[PDB]
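Asker: File follows, work32.cif with mmCIF, C-alpha atoms; chains and numbers go by the auth columns:
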```
data_data
#
loop_
_atom_site.group_PDB
_atom_site.id
_atom_site.type_symbol
_atom_site.label_atom_id
_atom_site.label_comp_id
_atom_site.label_asym_id
_atom_site.label_seq_id
_atom_site.Cartn_x
_atom_site.Cartn_y
_atom_site.Cartn_z
_atom_site.B_iso_or_equiv
_atom_site.auth_seq_id
_atom_site.auth_asym_id
ATOM 1 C CA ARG A 1 172.735 298.896 8.386 0.00 2 A
ATOM 2 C CA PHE A 2 172.783 298.255 12.143 0.00 3 A
ATOM 3 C CA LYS A 3 174.532 296.711 15.140 0.00 4 A
ATOM 4 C CA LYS A 4 172.953 294.215 17.554 0.00 5 A
ATOM 5 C CA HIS A 5 172.984 294.723 21.344 0.00 6 A
ATOM 6 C CA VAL A 6 171.358 293.336 24.535 0.00 7 A
ATOM 7 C CA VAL A 7 169.917 294.955 27.684 0.00 8 A
ATOM 8 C CA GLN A 8 172.202 294.507 30.722 0.00 9 A
ATOM 9 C CA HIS A 9 171.297 294.543 34.448 0.00 10 A
ATOM 10 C CA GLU A 10 170.158 298.091 35.361 0.00 11 A
ATOM 11 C CA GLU A 11 171.633 299.722 32.259 0.00 12 A
ATOM 12 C CA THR A 12 169.923 303.038 31.439 0.00 13 A
ATOM 13 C CA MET A 13 169.005 304.009 27.882 0.00 14 A
ATOM 14 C CA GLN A 14 171.249 307.068 28.242 0.00 15 A
ATOM 15 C CA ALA A 15 174.279 304.805 28.700 0.00 16 A
ATOM 16 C CA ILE A 16 173.944 302.977 25.363 0.00 17 A
ATOM 17 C CA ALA A 17 173.789 306.018 23.066 0.00 18 A
ATOM 18 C CA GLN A 18 176.758 307.582 24.861 0.00 19 A
ATOM 19 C CA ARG A 19 178.934 304.475 24.559 0.00 20 A
ATOM 20 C CA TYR A 20 178.286 303.800 20.865 0.00 21 A
ATOM 21 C CA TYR A 21 177.602 307.250 19.314 0.00 22 A
ATOM 22 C CA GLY A 22 179.641 309.356 21.753 0.00 23 A
ATOM 23 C CA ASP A 23 177.089 312.024 22.702 0.00 24 A
ATOM 24 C CA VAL A 24 174.385 311.036 25.210 0.00 25 A
ATOM 25 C CA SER A 25 172.103 313.538 23.445 0.00 26 A
ATOM 26 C CA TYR A 26 171.180 310.992 20.732 0.00 27 A
ATOM 27 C CA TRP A 27 169.237 308.582 22.976 0.00 28 A
ATOM 28 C CA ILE A 28 166.013 310.518 22.270 0.00 29 A
ATOM 29 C CA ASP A 29 165.980 309.551 18.588 0.00 30 A
ATOM 30 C CA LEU A 30 167.386 306.127 19.466 0.00 31 A
ATOM 31 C CA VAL A 31 164.282 305.023 21.421 0.00 32 A
ATOM 32 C CA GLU A 32 162.016 305.535 18.393 0.00 33 A
ATOM 33 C CA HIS A 33 164.020 302.929 16.449 0.00 34 A
ATOM 34 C CA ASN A 34 163.307 300.307 19.140 0.00 35 A
ATOM 35 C CA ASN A 35 159.664 301.537 19.290 0.00 36 A
ATOM 36 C CA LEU A 36 159.831 301.809 23.092 0.00 37 A
ATOM 37 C CA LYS A 37 157.219 303.194 25.473 0.00 38 A
ATOM 38 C CA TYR A 38 158.504 305.594 28.167 0.00 39 A
ATOM 39 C CA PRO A 39 159.870 302.840 30.540 0.00 40 A
ATOM 40 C CA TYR A 40 162.295 302.325 27.658 0.00 41 A
ATOM 41 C CA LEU A 41 164.508 299.793 29.443 0.00 42 A
ATOM 42 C CA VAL A 42 163.091 298.184 32.604 0.00 43 A
ATOM 43 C CA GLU A 43 164.766 295.532 34.740 0.00 44 A
ATOM 44 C CA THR A 44 161.907 293.126 35.453 0.00 45 A
ATOM 45 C CA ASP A 45 160.202 290.719 33.037 0.00 46 A
ATOM 46 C CA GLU A 46 156.957 290.565 35.019 0.00 47 A
ATOM 47 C CA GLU A 47 156.951 294.324 34.307 0.00 48 A
ATOM 48 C CA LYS A 48 157.533 293.650 30.606 0.00 49 A
ATOM 49 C CA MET A 49 154.410 291.485 30.910 0.00 50 A
ATOM 50 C CA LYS A 50 152.466 294.790 31.193 0.00 51 A
ATOM 51 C CA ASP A 51 152.385 295.194 27.391 0.00 52 A
ATOM 52 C CA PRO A 52 155.195 293.038 25.983 0.00 53 A
ATOM 53 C CA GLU A 53 155.796 294.347 22.473 0.00 54 A
ATOM 54 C CA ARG A 54 156.440 298.016 23.439 0.00 55 A
ATOM 55 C CA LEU A 55 159.296 297.508 25.938 0.00 56 A
ATOM 56 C CA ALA A 56 162.721 295.969 26.490 0.00 57 A
ATOM 57 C CA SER A 57 163.983 294.315 29.692 0.00 58 A
ATOM 58 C CA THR A 58 167.129 292.580 30.975 0.00 59 A
ATOM 59 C CA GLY A 59 168.377 290.093 28.389 0.00 60 A
ATOM 60 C CA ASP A 60 166.370 291.466 25.460 0.00 61 A
ATOM 61 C CA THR A 61 167.978 292.448 22.166 0.00 62 A
ATOM 62 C CA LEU A 62 168.207 296.039 20.916 0.00 63 A
ATOM 63 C CA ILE A 63 168.854 297.651 17.516 0.00 64 A
ATOM 64 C CA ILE A 64 171.634 300.231 17.039 0.00 65 A
ATOM 65 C CA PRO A 65 171.669 302.096 13.653 0.00 66 A
ATOM 66 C CA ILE A 66 174.751 303.553 12.059 0.00 67 A
ATOM 67 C CA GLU A 67 174.908 307.294 12.615 0.00 68 A
ATOM 68 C CA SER A 68 173.950 308.174 9.029 0.00 69 A
ATOM 69 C CA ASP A 69 170.674 306.234 9.280 0.00 70 A
ATOM 70 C CA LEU A 70 170.055 307.524 12.834 0.00 71 A
ATOM 71 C CA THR A 71 168.308 310.670 11.586 0.00 72 A
ATOM 72 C CA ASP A 72 166.444 309.059 8.676 0.00 73 A
ATOM 73 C CA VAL A 73 162.709 308.919 9.381 0.00 74 A
ATOM 74 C CA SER A 74 162.328 305.936 7.039 0.00 75 A
ATOM 75 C CA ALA A 75 164.946 303.977 8.991 0.00 76 A
ATOM 76 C CA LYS A 76 163.047 304.904 12.157 0.00 77 A
ATOM 77 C CA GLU A 77 159.696 303.687 10.834 0.00 78 A
ATOM 78 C CA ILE A 78 161.150 300.439 9.460 0.00 79 A
ATOM 79 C CA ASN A 79 163.193 299.575 12.562 0.00 80 A
ATOM 80 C CA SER A 80 160.196 300.362 14.793 0.00 81 A
ATOM 81 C CA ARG A 81 158.012 297.462 13.644 0.00 82 A
ATOM 82 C CA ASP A 82 160.159 295.011 11.678 0.00 83 A
ATOM 83 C CA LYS A 83 162.378 294.135 14.688 0.00 84 A
ATOM 84 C CA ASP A 84 163.873 290.669 14.021 0.00 85 A
ATOM 85 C CA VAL A 85 162.850 290.815 10.341 0.00 86 A
ATOM 86 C CA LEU A 86 165.716 293.324 9.909 0.00 87 A
ATOM 87 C CA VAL A 87 168.410 290.684 9.323 0.00 88 A
ATOM 88 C CA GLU A 88 166.279 288.828 6.777 0.00 89 A
ATOM 89 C CA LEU A 89 165.432 291.955 4.755 0.00 90 A
ATOM 90 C CA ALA A 90 169.014 293.230 5.013 0.00 91 A
ATOM 91 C CA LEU A 91 170.432 289.923 3.676 0.00 92 A
ATOM 92 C CA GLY A 92 167.440 289.679 1.322 0.00 93 A
ATOM 93 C CA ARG A 93 164.991 286.968 0.313 0.00 94 A
ATOM 94 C CA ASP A 94 165.208 284.355 -2.434 0.00 95 A
ATOM 95 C CA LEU A 95 163.815 281.074 -3.736 0.00 96 A
ATOM 96 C CA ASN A 96 165.392 277.994 -2.164 0.00 97 A
ATOM 97 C CA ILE A 97 166.988 275.608 -4.671 0.00 98 A
ATOM 98 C CA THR A 98 169.053 273.421 -2.320 0.00 99 A
ATOM 99 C CA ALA A 99 166.424 270.717 -2.574 0.00 100 A
ATOM 100 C CA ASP A 100 168.890 267.814 -2.682 0.00 101 A
ATOM 101 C CA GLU A 101 171.633 268.883 -0.279 0.00 102 A
ATOM 102 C CA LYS A 102 173.023 265.358 -0.097 0.00 103 A
ATOM 103 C CA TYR A 103 173.053 265.163 -3.917 0.00 104 A
ATOM 104 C CA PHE A 104 174.540 268.415 -5.278 0.00 105 A
ATOM 105 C CA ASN A 105 177.654 267.628 -3.243 0.00 106 A
ATOM 106 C CA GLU A 106 178.183 264.492 -5.377 0.00 107 A
ATOM 107 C CA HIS A 107 178.439 266.106 -8.856 0.00 108 A
ATOM 108 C CA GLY A 108 179.678 269.729 -8.593 0.00 109 A
ATOM 109 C CA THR A 109 180.965 271.505 -11.744 0.00 110 A
ATOM 110 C CA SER A 110 178.338 269.501 -13.653 0.00 111 A
ATOM 111 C CA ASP A 111 175.076 271.053 -14.817 0.00 112 A
ATOM 112 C CA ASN A 112 171.415 270.202 -14.038 0.00 113 A
ATOM 113 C CA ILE A 113 172.252 269.819 -10.335 0.00 114 A
ATOM 114 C CA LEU A 114 169.852 272.196 -8.495 0.00 115 A
ATOM 115 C CA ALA A 115 166.074 272.262 -8.378 0.00 116 A
ATOM 116 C CA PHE A 116 163.129 273.964 -6.736 0.00 117 A
ATOM 117 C CA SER A 117 161.598 272.441 -3.600 0.00 118 A
ATOM 118 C CA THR A 118 158.496 272.821 -1.454 0.00 119 A
ATOM 119 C CA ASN A 119 158.194 273.837 2.180 0.00 120 A
ATOM 120 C CA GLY A 120 155.119 274.715 4.190 0.00 121 A
ATOM 121 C CA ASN A 121 152.184 273.931 1.898 0.00 122 A
ATOM 122 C CA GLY A 122 151.303 274.850 -1.674 0.00 123 A
ATOM 123 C CA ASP A 123 154.205 277.285 -2.085 0.00 124 A
ATOM 124 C CA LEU A 124 157.724 277.013 -3.470 0.00 125 A
ATOM 125 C CA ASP A 125 160.404 276.975 -0.794 0.00 126 A
ATOM 126 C CA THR A 126 162.254 280.191 0.024 0.00 127 A
ATOM 127 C CA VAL A 127 165.502 280.937 1.857 0.00 128 A
ATOM 128 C CA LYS A 128 166.475 284.019 3.821 0.00 129 A
ATOM 129 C CA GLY A 129 169.116 285.385 6.131 0.00 130 A
ATOM 130 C CA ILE A 130 172.518 283.790 6.451 0.00 131 A
ATOM 131 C CA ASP A 131 171.296 280.580 4.792 0.00 132 A
ATOM 132 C CA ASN A 132 170.541 282.629 1.667 0.00 133 A
ATOM 133 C CA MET A 133 174.071 284.058 1.723 0.00 134 A
ATOM 134 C CA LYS A 134 175.582 280.580 2.026 0.00 135 A
ATOM 135 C CA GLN A 135 173.394 279.180 -0.759 0.00 136 A
ATOM 136 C CA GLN A 136 174.399 282.069 -3.018 0.00 137 A
ATOM 137 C CA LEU A 137 178.124 281.608 -2.289 0.00 138 A
ATOM 138 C CA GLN A 138 177.666 277.876 -2.922 0.00 139 A
ATOM 139 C CA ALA A 139 175.962 278.420 -6.278 0.00 140 A
ATOM 140 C CA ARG A 140 178.529 281.050 -7.293 0.00 141 A
ATOM 141 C CA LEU A 141 181.382 278.685 -6.551 0.00 142 A
ATOM 142 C CA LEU A 142 179.721 275.797 -8.484 0.00 143 A
ATOM 143 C CA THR A 143 179.172 277.717 -11.739 0.00 144 A
ATOM 144 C CA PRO A 144 181.699 278.207 -14.612 0.00 145 A
ATOM 145 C CA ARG A 145 182.963 281.732 -15.309 0.00 146 A
ATOM 146 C CA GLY A 146 180.972 282.462 -18.491 0.00 147 A
ATOM 147 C CA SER A 147 177.845 280.303 -18.371 0.00 148 A
ATOM 148 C CA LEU A 148 174.987 282.600 -17.240 0.00 149 A
ATOM 149 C CA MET A 149 173.159 284.080 -20.224 0.00 150 A
ATOM 150 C CA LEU A 150 173.704 287.680 -19.052 0.00 151 A
ATOM 151 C CA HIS A 151 176.259 289.493 -16.847 0.00 152 A
ATOM 152 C CA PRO A 152 179.071 286.985 -17.613 0.00 153 A
ATOM 153 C CA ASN A 153 182.417 286.966 -15.827 0.00 154 A
ATOM 154 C CA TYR A 154 180.393 285.386 -13.011 0.00 155 A
ATOM 155 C CA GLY A 155 181.454 282.099 -11.408 0.00 156 A
ATOM 156 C CA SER A 156 184.825 280.347 -11.198 0.00 157 A
ATOM 157 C CA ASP A 157 187.430 278.353 -13.118 0.00 158 A
ATOM 158 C CA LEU A 158 187.150 275.531 -10.554 0.00 159 A
ATOM 159 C CA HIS A 159 186.220 273.202 -13.425 0.00 160 A
ATOM 160 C CA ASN A 160 189.573 274.078 -15.053 0.00 161 A
ATOM 161 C CA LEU A 161 191.981 273.725 -12.090 0.00 162 A
ATOM 162 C CA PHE A 162 192.156 269.904 -11.930 0.00 163 A
ATOM 163 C CA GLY A 163 195.850 269.035 -11.812 0.00 164 A
ATOM 164 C CA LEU A 164 198.707 266.960 -10.408 0.00 165 A
ATOM 165 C CA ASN A 165 197.962 267.862 -6.708 0.00 166 A
ATOM 166 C CA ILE A 166 201.415 269.486 -6.297 0.00 167 A
ATOM 167 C CA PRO A 167 201.184 272.482 -3.879 0.00 168 A
ATOM 168 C CA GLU A 168 201.227 275.211 -6.543 0.00 169 A
ATOM 169 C CA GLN A 169 197.938 273.854 -7.900 0.00 170 A
ATOM 170 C CA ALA A 170 196.606 273.974 -4.329 0.00 171 A
ATOM 171 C CA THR A 171 197.551 277.613 -3.810 0.00 172 A
ATOM 172 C CA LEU A 172 196.002 278.369 -7.225 0.00 173 A
ATOM 173 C CA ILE A 173 192.759 276.671 -6.099 0.00 174 A
ATOM 174 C CA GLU A 174 192.896 278.596 -2.789 0.00 175 A
ATOM 175 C CA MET A 175 193.260 281.888 -4.661 0.00 176 A
ATOM 176 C CA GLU A 176 190.413 281.111 -7.056 0.00 177 A
ATOM 177 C CA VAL A 177 188.088 280.192 -4.172 0.00 178 A
ATOM 178 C CA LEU A 178 189.075 283.383 -2.319 0.00 179 A
ATOM 179 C CA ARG A 179 188.471 285.541 -5.396 0.00 180 A
ATOM 180 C CA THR A 180 185.098 283.836 -5.949 0.00 181 A
ATOM 181 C CA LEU A 181 184.059 284.403 -2.338 0.00 182 A
ATOM 182 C CA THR A 182 185.264 288.016 -2.204 0.00 183 A
ATOM 183 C CA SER A 183 183.395 288.892 -5.414 0.00 184 A
ATOM 184 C CA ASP A 184 180.199 289.689 -3.504 0.00 185 A
ATOM 185 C CA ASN A 185 180.477 293.134 -1.927 0.00 186 A
ATOM 186 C CA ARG A 186 178.402 292.009 1.081 0.00 187 A
ATOM 187 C CA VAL A 187 181.334 289.870 2.261 0.00 188 A
ATOM 188 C CA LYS A 188 184.304 291.690 3.735 0.00 189 A
ATOM 189 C CA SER A 189 187.212 289.265 3.295 0.00 190 A
ATOM 190 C CA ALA A 190 187.899 285.589 3.056 0.00 191 A
ATOM 191 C CA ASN A 191 190.964 283.729 4.307 0.00 192 A
ATOM 192 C CA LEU A 192 192.084 280.137 4.345 0.00 193 A
ATOM 193 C CA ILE A 193 192.510 278.361 7.670 0.00 194 A
ATOM 194 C CA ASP A 194 193.407 274.886 6.368 0.00 195 A
ATOM 195 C CA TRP A 195 194.426 273.122 3.184 0.00 196 A
ATOM 196 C CA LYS A 196 194.966 269.387 3.285 0.00 197 A
ATOM 197 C CA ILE A 197 195.627 266.591 0.784 0.00 198 A
ATOM 198 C CA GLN A 198 194.569 262.889 0.619 0.00 199 A
ATOM 199 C CA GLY A 199 196.199 261.476 -2.496 0.00 200 A
ATOM 200 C CA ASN A 200 193.819 262.481 -5.285 0.00 201 A
ATOM 201 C CA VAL A 201 191.468 264.371 -2.897 0.00 202 A
ATOM 202 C CA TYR A 202 191.785 268.043 -1.946 0.00 203 A
ATOM 203 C CA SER A 203 190.322 269.238 1.333 0.00 204 A
ATOM 204 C CA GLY A 204 190.361 272.638 3.039 0.00 205 A
ATOM 205 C CA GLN A 205 188.226 275.287 4.717 0.00 206 A
ATOM 206 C CA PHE A 206 187.759 279.059 4.460 0.00 207 A
ATOM 207 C CA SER A 207 186.561 281.667 6.974 0.00 208 A
ATOM 208 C CA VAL A 208 184.459 284.542 5.570 0.00 209 A
ATOM 209 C CA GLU A 209 183.710 287.814 7.384 0.00 210 A
ATOM 210 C CA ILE A 210 180.060 288.702 6.750 0.00 211 A
ATOM 211 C CA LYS A 211 178.980 292.235 7.573 0.00 212 A
ATOM 212 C CA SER A 212 177.041 292.361 10.876 0.00 213 A
ATOM 213 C CA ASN B 1 241.885 240.795 -9.024 0.00 540 B
ATOM 214 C CA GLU B 2 241.692 238.057 -11.676 0.00 541 B
ATOM 215 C CA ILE B 3 240.481 235.701 -8.907 0.00 542 B
ATOM 216 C CA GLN B 4 238.201 236.572 -6.005 0.00 543 B
ATOM 217 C CA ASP B 5 239.866 234.307 -3.438 0.00 544 B
ATOM 218 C CA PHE B 6 241.693 231.023 -2.943 0.00 545 B
ATOM 219 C CA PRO B 7 242.253 228.823 0.162 0.00 546 B
ATOM 220 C CA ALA B 8 245.995 228.825 0.826 0.00 547 B
ATOM 221 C CA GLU B 9 245.629 225.585 2.833 0.00 548 B
ATOM 222 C CA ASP B 10 244.251 223.522 -0.062 0.00 549 B
ATOM 223 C CA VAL B 11 247.371 223.106 -2.248 0.00 550 B
ATOM 224 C CA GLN B 12 248.341 219.416 -2.515 0.00 551 B
ATOM 225 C CA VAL B 13 251.211 218.170 -4.695 0.00 552 B
ATOM 226 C CA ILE B 14 252.830 214.751 -5.165 0.00 553 B
ATOM 227 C CA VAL B 15 256.049 214.084 -7.107 0.00 554 B
ATOM 228 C CA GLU B 16 257.191 210.664 -8.340 0.00 555 B
ATOM 229 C CA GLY B 17 260.424 210.493 -10.318 0.00 556 B
ATOM 230 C CA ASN B 18 259.938 212.697 -13.382 0.00 557 B
ATOM 231 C CA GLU B 19 256.161 213.074 -12.824 0.00 558 B
ATOM 232 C CA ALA B 20 254.193 215.475 -10.609 0.00 559 B
ATOM 233 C CA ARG B 21 250.478 215.796 -9.845 0.00 560 B
ATOM 234 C CA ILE B 22 248.830 218.978 -8.535 0.00 561 B
ATOM 235 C CA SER B 23 245.455 219.885 -7.022 0.00 562 B
ATOM 236 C CA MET B 24 244.092 223.200 -5.756 0.00 563 B
ATOM 237 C CA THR B 25 240.954 225.305 -5.255 0.00 564 B
ATOM 238 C CA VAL B 26 239.888 228.766 -6.439 0.00 565 B
ATOM 239 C CA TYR B 27 236.962 231.016 -5.521 0.00 566 B
ATOM 240 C CA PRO B 28 235.985 232.586 -8.882 0.00 567 B
ATOM 241 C CA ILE B 29 234.410 236.031 -8.971 0.00 568 B
ATOM 242 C CA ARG B 30 230.694 235.549 -8.308 0.00 569 B
ATOM 243 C CA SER B 31 228.026 237.103 -10.522 0.00 570 B
ATOM 244 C CA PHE B 32 224.918 239.098 -9.504 0.00 571 B
ATOM 245 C CA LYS B 33 222.417 237.818 -12.028 0.00 572 B
ATOM 246 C CA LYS B 34 218.975 238.263 -10.385 0.00 573 B
ATOM 247 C CA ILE B 35 217.351 241.298 -8.746 0.00 574 B
ATOM 248 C CA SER B 36 213.831 241.326 -7.275 0.00 575 B
ATOM 249 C CA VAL B 37 211.920 244.413 -6.109 0.00 576 B
ATOM 250 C CA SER B 38 208.847 245.000 -3.928 0.00 577 B
ATOM 251 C CA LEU B 39 207.471 248.416 -4.926 0.00 578 B
ATOM 252 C CA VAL B 40 204.589 249.875 -2.885 0.00 579 B
ATOM 253 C CA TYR B 41 202.438 253.014 -3.284 0.00 580 B
ATOM 254 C CA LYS B 42 200.950 254.755 -0.209 0.00 581 B
ATOM 255 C CA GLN B 43 198.724 257.707 0.582 0.00 582 B
ATOM 256 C CA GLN B 44 200.391 260.898 1.825 0.00 583 B
ATOM 257 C CA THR B 45 199.423 264.126 3.601 0.00 584 B
ATOM 258 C CA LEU B 46 200.517 267.665 2.746 0.00 585 B
ATOM 259 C CA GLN B 47 199.163 270.574 4.795 0.00 586 B
ATOM 260 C CA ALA B 48 199.032 274.315 5.326 0.00 587 B
#
```
In structure tokens, write the structure found in this file.

Answerer:
Amino acid sequence: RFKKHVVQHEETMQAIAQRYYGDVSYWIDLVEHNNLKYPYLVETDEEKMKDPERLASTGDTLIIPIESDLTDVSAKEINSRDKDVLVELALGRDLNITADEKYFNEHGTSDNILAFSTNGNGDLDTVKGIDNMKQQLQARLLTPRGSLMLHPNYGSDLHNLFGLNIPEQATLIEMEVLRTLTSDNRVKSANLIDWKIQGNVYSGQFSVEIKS
Amino acid sequence: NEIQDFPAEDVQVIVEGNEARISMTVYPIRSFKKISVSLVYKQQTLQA
């Protein structure tokens, strides 16, 4: 895992390692992760134009490992070249099945609702990054608790919670949604920020803390 | 309370030898026979 950062005006590479990891001494290993040539951070972009991929300048992103992966040579090699592909790999890659986004939001808690799609040309669509995490939360919420053919106790009792719209039913629904969202270890916490009623319609929203 | 009201002004009586004739007015207790209702259902909000 890693933290994101950006190059500030005339910040030296010594200064970053000292602020995040404490000891300045660690900058030496920290430059290999960002694959930098000797002018590790340089102010001017027309100087980055010298050989763009092997440098960082003012306004560019940087990668900051956690201290345990700082010394790992494999983490060094991977972070050297992958660069922005970090987030995608770290959140993982999967087949996209939100083909009919307008449609699956008309019949949730019913089956047969999702389907493969095609993007690009001649290849099934795929999803990655934060979109993948959303899609997976979405599918997990719209699936009943014991309906996947292996590893059951997956999904929700959202199909079971339909009731007289009195507030206790609404707190129950809130708690089920929060449990469902907090099931995945990748997510830190969820919390409600609004619940709202319109006769026979529930509405509400939840904030979820995704790890960096 | 056997009568609701009566106009005290409206008592007229005439006597003629052995014979008398009387007239008066009484407000009887009024009933309450019909009730109509207009019952409406509305949306409502409840919130966090």

Asker: Counting only C-alpha atoms, which residues in region 100-152 of chain A sit no more than 9 Å from region 78-94 of chain A? For each one, give the nearest pair of atoms and the distance in Å, sorted by chain then residue number, as JSON lines.

Answerer:
```
{"residue": "A:127", "atom": "CA", "partner": "A:94", "partner_atom": "CA", "distance": 7.3}
{"residue": "A:128", "atom": "CA", "partner": "A:94", "partner_atom": "CA", "distance": 6.2}
{"residue": "A:129", "atom": "CA", "partner": "A:94", "partner_atom": "CA", "distance": 4.8}
{"residue": "A:130", "atom": "CA", "partner": "A:89", "partner_atom": "CA", "distance": 4.5}
{"residue": "A:131", "atom": "CA", "partner": "A:92", "partner_atom": "CA", "distance": 7.0}
{"residue": "A:133", "atom": "CA", "partner": "A:94", "partner_atom": "CA", "distance": 7.2}
{"residue": "A:134", "atom": "CA", "partner": "A:92", "partner_atom": "CA", "distance": 7.2}
```

Asker: Could you work out which residues of chain B fall inside 12 Å of chain A? Count all atoms listed in the file, and format the result as a PyMOL selection string.

Answerer: chain B and resi 580-587

Asker: Taking 2 positions as the minimum chain separation for residues in the same chain, which residues sit within 7 Å of region 112-118 of chain A when counting only C-alpha atoms? Answer as a VMD selection string.

Answerer: chain A and resid 97 to 100 105 110 120 125 to 126

Asker: Could you list, as a short mmCIF file (atom, residue, chain, number, x, y, z; two decimals) with C-alpha atoms, keeping the file's coordinate frame, every residue within 8 Å of residue 64 (chain A), counting only C-alpha atoms and ignoring same-chain residues fewer than 5 positions away?

Answerer:
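Below you can see around-v6.cif, which holds the result:
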```
data_model
loop_
_atom_site.label_atom_id
_atom_site.label_comp_id
_atom_site.auth_asym_id
_atom_site.auth_seq_id
_atom_site.Cartn_x
_atom_site.Cartn_y
_atom_site.Cartn_z
CA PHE A 3 172.78 298.26 12.14
CA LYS A 4 174.53 296.71 15.14
CA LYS A 5 172.95 294.21 17.55
CA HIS A 6 172.98 294.72 21.34
CA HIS A 34 164.02 302.93 16.45
CA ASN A 35 163.31 300.31 19.14
CA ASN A 80 163.19 299.58 12.56
CA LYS A 84 162.38 294.14 14.69
#
```

Asker: What residues come out when you apply the PyMOL selection byres ((chain A and resi 156) around 7) to this file, written as a list in words?

Answerer: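 In the shown coordinates, the PyMOL selection byres ((chain A and resi 156) around 7) covers residues 141, 142, 144, 145, 146, 154, 155, 157 and 181 of chain A.
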
Asker: Please indicate the distance in Å from CA of residue 107 (chain A) to CA of residue 175 (chain A), rounded to one decimal place.

Answerer: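 Answer for the CA of residue 107 (chain A) to CA of residue 175 (chain A) separation: 20.5 Å.
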
Asker: State, in Å with one decimal place, the distance from CA of residue 169 (chain A) to CA of residue 209 (chain A).

Answerer: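 Here the two named atoms are 22.7 Å from each other.
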
Asker: What does the distance between CA of residue 545 (chain B) and CA of residue 561 (chain B) come to in Å, to one decimal place?

Answerer: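 Computing the Euclidean distance for CA of residue 545 (chain B) and CA of residue 561 (chain B) yields 15.1 Å.
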
Asker: Using the chain letters and numbers from this file, what does the PyMOL selection byres ((chain B and resi 544) around 8) select? Give the answer as a list in words.

Answerer: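 That expression, the PyMOL selection byres ((chain B and resi 544) around 8), corresponds here to residues 542, 543, 545, 546, 565, 566, 567 and 568 of chain B.
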
Asker: Keeping only C-alpha atoms, write those residues as a CSV table (one decimal), keeping the file's coordinate frame.

Answerer:
```csv
chain,number,residue,atom,x,y,z
B,542,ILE,CA,240.5,235.7,-8.9
B,543,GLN,CA,238.2,236.6,-6.0
B,545,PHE,CA,241.7,231.0,-2.9
B,546,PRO,CA,242.3,228.8,0.2
B,565,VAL,CA,239.9,228.8,-6.4
B,566,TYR,CA,237.0,231.0,-5.5
B,567,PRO,CA,236.0,232.6,-8.9
B,568,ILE,CA,234.4,236.0,-9.0
```

Asker: Going by the chain IDs and residue numbers used in this file, which residues fall under the PyMOL selection byres ((chain A and resi 42-49) around 7)? Write them as a PyMOL selection string.

Answerer: chain A and resi 10-11+13-14+40-41+50-53+56-59

Asker: Could you please give me, as a ChimeraX atom specification, the residues of protein, DNA or RNA lying at most 9 Å from (244.0, 217.0, -5.3) in the coordinate frame of the file, considering only C-alpha atoms?

Answerer: /B:549-552,560-564
